[PDB]
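Undergrad: The structure under discussion is supplied below as structure tokens; questions concerning it will follow.
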Amino acid sequence: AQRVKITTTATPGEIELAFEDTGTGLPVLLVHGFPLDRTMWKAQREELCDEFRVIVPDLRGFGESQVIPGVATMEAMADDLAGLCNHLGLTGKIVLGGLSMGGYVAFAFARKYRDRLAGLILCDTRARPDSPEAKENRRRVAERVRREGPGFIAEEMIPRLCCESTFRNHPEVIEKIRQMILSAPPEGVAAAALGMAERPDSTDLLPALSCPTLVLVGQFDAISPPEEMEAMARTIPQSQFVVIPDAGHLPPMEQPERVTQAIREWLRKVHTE
Ligand SMILES: [Cl-]
């Protein structure tokens, strides 16, 4: 992996990002969820790199990236991605994928950097903003995690993140996810929780998208359910919708080969030299 200070148009103008960059050819940037890190895309990065260049950063405040206290807006995270692409000399078009919060970041990127997208991959996410109670729950999480760390988040989220079959067949995946959460920097978690609370409604952005979009969801996703994601996909032009069997909210980890294949075959259609 690499760690580089990038220039970003978001406050504070420069930030150190840790990232993986594996493969050659057409660039695919994959954005993790909350409160995870780049390692949740490891299987896809290690497999797709035979055909694509796969870039997987830790977002600001997560993993090994710099922590910027306060509020980490989805826009700021998108600005950081643009700055990373600039650093790397990826100044033309990319495919951008995101899971959950990473999907929120992808919408912020599409809003601001439309001309840099060859395609979007939206996994286990939604375009609407937080409801008022959800916003308040962000704030409650932020205030507590600063002091207690993320153990209480792992306790609340793990049962909602993966399906029954994953608990049975893949306890090692459960434990990897748990360690991602437990290791997340407390102030990075807080800043992103507050940022998510203030993200805009992206509902009306979706019909205005100008690139092919793959929408992926676990069959048993308890957080962003398949019915809801299918309806979201119906609002996006040039969309393809895929349900991954025997996965919950984290298909890339729960059913890595299925996710890799779905992404690979779509990329072959979209992302050409
Ligand atoms: Cl957003």
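Every residue, every condition in (1) surrounded by fewer than 22 Cβ atoms within 10 Å (Cβ to Cβ); (2) within 21 Å of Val270 (Cα to Cα); (3) of a type in the set (S, T, N, Q); (4) touching a residue at least 40 places away in the same chain (Cβ under 8 Å), yes or no:
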residue: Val189; (1), (2), (3), (4): no, no, no, yes
residue: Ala193; (1), (2), (3), (4): no, no, no, yes
residue: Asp201; (1), (2), (3), (4): yes, no, no, yes
residue: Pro207; (1), (2), (3), (4): yes, yes, no, no
residue: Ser210; (1), (2), (3), (4): yes, yes, yes, yes
residue: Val215; (1), (2), (3), (4): no, yes, no, yes
residue: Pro226; (1), (2), (3), (4): yes, no, no, no
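Undergrad: May I ask you to list the residues in region 80-105 that are over 25 Å from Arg160 (Cα atoms), buried (at least 24 other Cβ atoms within 10 Å of the Cβ) and within 16 Å of the ligand (Cβ to nearest atom)?
TA: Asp80, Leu81, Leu96 - these are the residues of region 80-105 that are over 25 Å from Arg160 (Cα atoms), buried (at least 24 other Cβ atoms within 10 Å of the Cβ) and within 16 Å of the ligand (Cβ to nearest atom).
Undergrad: With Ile236, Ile158, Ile181, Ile153 as the choices, which residue is of a type in the set (A, V, I, L, M) and assigned to a loop (DSSP other than H, G, I, E, B)? Walk me through it before giving the result.
TA: Values: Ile158 fails: assigned to a loop (DSSP other than H, G, I, E, B); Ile181 fails: assigned to a loop (DSSP other than H, G, I, E, B); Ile153 fails: assigned to a loop (DSSP other than H, G, I, E, B).
Result: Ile236 is the single residue among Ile236, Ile158, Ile181, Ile153 that is of a type in the set (A, V, I, L, M) and assigned to a loop (DSSP other than H, G, I, E, B).
One line per residue, one yes/no per condition, for (1) farther than 18 Å from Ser202 by Cα; (2) surrounded by fewer than 18 Cβ atoms within 10 Å (Cβ to Cβ):
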{"site": "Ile236", "(1), (2)": "no, no"}
{"site": "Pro245", "(1), (2)": "yes, yes"}
{"site": "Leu250", "(1), (2)": "yes, no"}
{"site": "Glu265", "(1), (2)": "yes, yes"}
{"site": "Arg268", "(1), (2)": "yes, yes"}
{"site": "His271", "(1), (2)": "yes, no"}
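Undergrad: I've got another one for you. Could you figure out which of (1) more than 14 Å from the ligand (Cβ to nearest atom); (2) touching a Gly at 6+ places or on another chain (Cβ under 6 Å); (3) among the aliphatic types (A, V, I, L, M) isn't true of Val71?
TA: (1)
Undergrad: Same structure again: Would you mind finding the one in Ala118, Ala142, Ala154 that is free of Cβ contacts under 8 Å to residues at least 60 places away in the same chain, small (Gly, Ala, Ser), away from the ligand (no atom under 16 Å from the Cβ) and closer than 30 Å to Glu257 by Cβ?
TA: Every option except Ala154 fails the conditions.
Each reported figure results from applying straightforward, stated rules to the coordinates on display, with no laboratory input. FYI the Cβ positions are ideal-geometry reconstructions off the backbone, even for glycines, and counts take in every protein chain you see.
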